[PDB]
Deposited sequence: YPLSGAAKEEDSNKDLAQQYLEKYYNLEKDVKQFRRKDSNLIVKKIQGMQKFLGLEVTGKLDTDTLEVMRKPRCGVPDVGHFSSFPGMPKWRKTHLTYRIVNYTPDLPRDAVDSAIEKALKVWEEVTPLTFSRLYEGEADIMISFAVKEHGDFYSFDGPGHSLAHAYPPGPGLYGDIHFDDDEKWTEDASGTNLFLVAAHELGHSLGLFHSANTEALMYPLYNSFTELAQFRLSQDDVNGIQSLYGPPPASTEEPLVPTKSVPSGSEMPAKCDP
């Protein structure tokens, strides 16, 4: 309803547009910034389109900020990854297959190569978790934030976490693990969110896409090749 729409917008803006840290116009300017970035008509109002976007599942990484113990790109060309645990939603090989295909998306357009490790420290540590799980971004239950990932660097940098309160699927018939994994790997390699609704790195989950027809946008390719040549 209406007051909840108010509460949803505030929580959305604080989460992804650094709203916090007495001028009703302060919230208005953040609305406008979110509308511009996500491709909505810039009304500064909490209109029906804006609230629908705010209700949609999406990546947990914010949309503002690009900024560091970390780095803008990996300096090595040979990167390692590890699937630390698995969702019960899918068979082991389906999770493995989804991550391998998402890795191949980026291998095809960069000089980067990826090796799998089953034990110990890998650059890209990949796991599934619910609610609080030992970093700064607790997951939020079904829907909303689906996953997040961190830019290049040591330790928790480059890692990928999937919210296991989503129902992860192998087809476009649900929350597709491959598609989310491919987006989150973008973060792991140094990319930020795109304002191109067609781009993989756009922040909202794209549930109207035939997997056979999936392809990186020219914006995604230009972005990753600006980093890795």
Per the record, the structure omits deposited positions 1-8, 30-36, 83-84, 247-274
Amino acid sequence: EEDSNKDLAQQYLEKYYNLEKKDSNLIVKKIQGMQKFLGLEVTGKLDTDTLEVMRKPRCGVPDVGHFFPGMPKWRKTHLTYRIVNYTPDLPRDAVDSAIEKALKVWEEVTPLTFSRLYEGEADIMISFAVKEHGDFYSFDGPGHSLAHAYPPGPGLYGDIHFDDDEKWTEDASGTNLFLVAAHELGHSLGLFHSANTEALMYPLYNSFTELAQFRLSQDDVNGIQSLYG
From here on, numbers count along this sequence of modelled residues.
Of 1-9 and 218-226, the stretch with the higher mean C-alpha B-factor in the deposited entry is 1-9
Using only the Cα atoms and their B-factors as the entry lists them, report which of 101-109 and 125-133 averages higher. 101-109
Using only the C-alpha B-factors in the record, can you name which of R82, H144, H148, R75 has the highest? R75
From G65, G190, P57, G60, the top C-alpha temperature factor is at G65
Taking only the Cα B-factors deposited for this chain, tell me whether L117 sits in the lowest, middle or highest third. middle
The third of the chain into which the C-alpha temperature factor of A172 falls is the highest
Which third, lowest, middle or highest, does the C-alpha temperature factor of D163 belong to within its own chain? lowest
Please say which third, lowest, middle or highest, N196 falls into when its CA temperature factor is compared across its chain. lowest
Compare the C-alpha B factor of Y16 with those of the other modelled residues in its chain, then answer lowest, middle or highest third. lowest
